[PDB]
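Enquirer: Right, I'll just put the structure down here and ask away after.
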Ligand SMILES: [Cu+2]
Ligand SMILES: [Cu+2]
Ligand SMILES: [Cu+2]
Ligand SMILES: [Cu+2]
Ligand SMILES: [Cu+2]
Ligand SMILES: [Cu+2]
């Protein structure tokens, strides 16, 4: 049966971008092949130079977004080069059995494996590393991403009518727990292993020290802001593998939102803010109507503005005064 | 086009009460005019006399509830008198563009401005002050409220049949982060500005010191309990601009609830408790069937009973023994 | 009217098991009689021997699951033996009036009472002890459970077609706040009353020290894992009386989920993880398709793997390679 299926290899792209794909499937089911290489690396997360030992899928935090269609077979080759120091694996929330694939994919430095699973349910899901006994440590070290299983007929609105996006972006949100000395200064370690005993004590406080998009404070800003034009329909996929978040587009809305990200359910309309539970991927669809800067934020504003969970959208086009206008510009009484 | 629209000025009321309005619109679209005056003021939040420098819209925490209909134009005159010390602005989640209006409404002490925006989506939304760089500080200092954009045909149930409330109350829930000395005693400051550096350190712990309804512990109790009669249909609007909450009416239910508060979506029925994400306004509809006291609470009971998130409803009428009765009153075995 | 109703006494069972009942009602409305005995007891919660003074309904944490049908009358006899030290009561979220029954059921050691209430709304609800002024203390000491009010025609899917479970399990999740000395070692007390003043300070930090299923770390594991076979439809009821949780079946899904647990609403399909707000009971329905171990967890992984919120499912049957298969077993590059 599988022997007879057509096969296509896909080369992944770095978040927030997403590899090429078709919204509506033009072919029948296939075996979609992906290759990921694990990379343990030092990463600076804030302006002051705080450094950590990140554990990554393909070298980025979050890992890249995989996109397939319902009933395709996902075939993943997972390599753990000998330059890494730790055993890793992968658990796909989109998969059925063997702990999401975690029990079948344990690779020490120097090994590789190939897992295949059928994508039976449509929606966006989280995938994350989950080695027995050190699960929260690898996940909160940035070792998680997401996979999108699109219905073979693409997205649909509250009424069964089609929704087609022009642009798609992947925002992976990450809670980091950096050990601190007695004064509150962050600690630095030589190897991931040296940080371990202190990492566990830091996590039990349950209070992240940083919460960031795309692996660092200010990663999606300035020359890195997300882009769009008035009139474009944009799909933003957002994932949180460990902790709850509440995304909000400042100056915009979520016209159609799947908060818990499962496409067999109808979307919720006109959301100002929506809750994505820890361990879940969500998707919101919005059509830009006004140009300018928009702040995309986790709406606990302390987590957004003090801890790092804020990104930007830079949108081009003409201003519409019917929708909003300054009748009287700020001036002295 | 707007030139030709009828205009009505509306005078706001202090929470938990709501200004007069029509559920079903009897007129066509209009320009609804409101005036708000910012007031920086000291406010005592608990029984022991803990005092803070509140930043308010119209002098209350939360700011007053504005009520309009879908497709009306909201025209707001925002004044920042010279007696205030800080720059403030306003971001409406109900609005499209310019950071919810935040980028068009920056007023230093002594200035005023007038913003107009079209209310294109029906539902209850949060509005809050959001000055660049000091956003969480103004929001958690009590500078937020909500606006309700009613469908021109009023509210509807899960089946498209009408829902008409007899009473409406606005409960604004607020998380406060009061600085403490080494022993845990709360600090006091001369001006809002003196508190700033300590305010930021207190917020980063992410642990509120107080969580209250209507600006103080016990604000909606005793002689201030909300009132109703068995048989009245009551709509309770609840908002949390920064942090998640889970309202629950002890001894009652949410017969129809819009947790994320957007009226184009059907309500959820028979809720015991519902989640309102930080940065959102929700509405629950309930018809009283039994008289007596009811406690309205944030269902994390530590936040409710130790931190201040508890209010009361005092309901009049006859007891119904079919629904509940004490078969055997407490007595010795 | 009630005089004329048939009556059936039901003997409760210890979680995670559930007393015998019919999904579809074969009789008309009845008065269902239950008896619960309160038991204050020492309980060891973790591997290192941490001990607390648990306050329980029937001697277990959580209290047992009661199962009735919509419009039945629940008649509860609640006994507080003279061996207990504290006053207790009971508030049913499924009930209408008198604070969920809390105001009618206050019993000091040595007393008993019998309350009757009509179960007018279908769904799973939380019940918990709630004495005036010491509410969070009794709830977080393990004094809560849940009651399931089934539609007289049983469960239904998104389309009105029937859903019948073969097995049902009740998982009660509990947040504990154990006082600690200056080094972080947990404290021990002689009586519940001795712990009180320290219990209140521990709760205000809002950071649980333990979060467990069925009253202890590892309670649902090993020889205590939940069991099923490939092909069985399993309903898992989960409750959290004080704090939010996000259940997730590792290697599985929630095929149909009522997150806020109210059966008049349609279920959400294909969930990877769902949010149950503090103060609520939820239910997820899943049909096993692969054999092996599954981890059932609260998806904040630090709460799951460091704090105790993890249980197991041991499932029998044949592996299906169409759904998942290891193409290349881990081996050296
Ligand atoms: Cu790993
Ligand atoms: Cu997971
Ligand atoms: Cu302000
Ligand atoms: Cu906002
Ligand atoms: Cu009790
Ligand atoms: Cu309760």
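Using Swiss-Prot numbers, chain A covers 46-378, in order.
If you're wondering, the header gives X-ray crystallography, 1.7 Å.
Yeah, the Cβs are placed from backbone N, Cα and C, and that goes for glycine too.
Sharing the record's features from Swiss-Prot:
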BINDING   A:133, A:174, A:183, A:188  Cu cation 1 binding site
BINDING   A:138, A:173, A:344  Cu cation 2 binding site
DOMAIN    A:214-378  domain 'Plastocyanin-like 2'
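If you look at the structure here, what lies around each of the features I listed?
Expert: Taking the Cβ of residue A:174 (Cu cation 1 binding site) as reference, residues of its chain lying under 8 Å away and at least six apart in sequence are, in sequence order, A:100, A:102, A:133, A:134, A:135, A:136, A:183, A:184, A:188, A:189.
Within 10 Å of the C-beta of residue A:173 (Cu cation 2 binding site) there are 28 other C-beta atoms, taking all protein chains into account.
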Enquirer: Neighbourhood of the Cu cation 1 site (A:133, A:174, A:183, A:188): other residues with Cβ within 8 Å of the Cβ centroid, in order?
Expert: A:83, A:100, A:102, A:131, A:134, A:135, A:173, A:175, A:176, A:184, A:186, A:189
Enquirer: For the binding-site residues A:133, A:173, A:344, which residues show a Cβ-Cβ distance under 8 Å to chain B?
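Expert: It is A:344, listed by sequence.
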Enquirer: Have a look around residue A:344 (Cu cation 2 binding site) and count the other CB atoms within 10 A of its CB, chains all included.
Expert: 27
Enquirer: At a 10 A cut-off on CB-CB distances, which of the binding-site residues A:133, A:138, A:183 has the highest count?
Expert: A:138
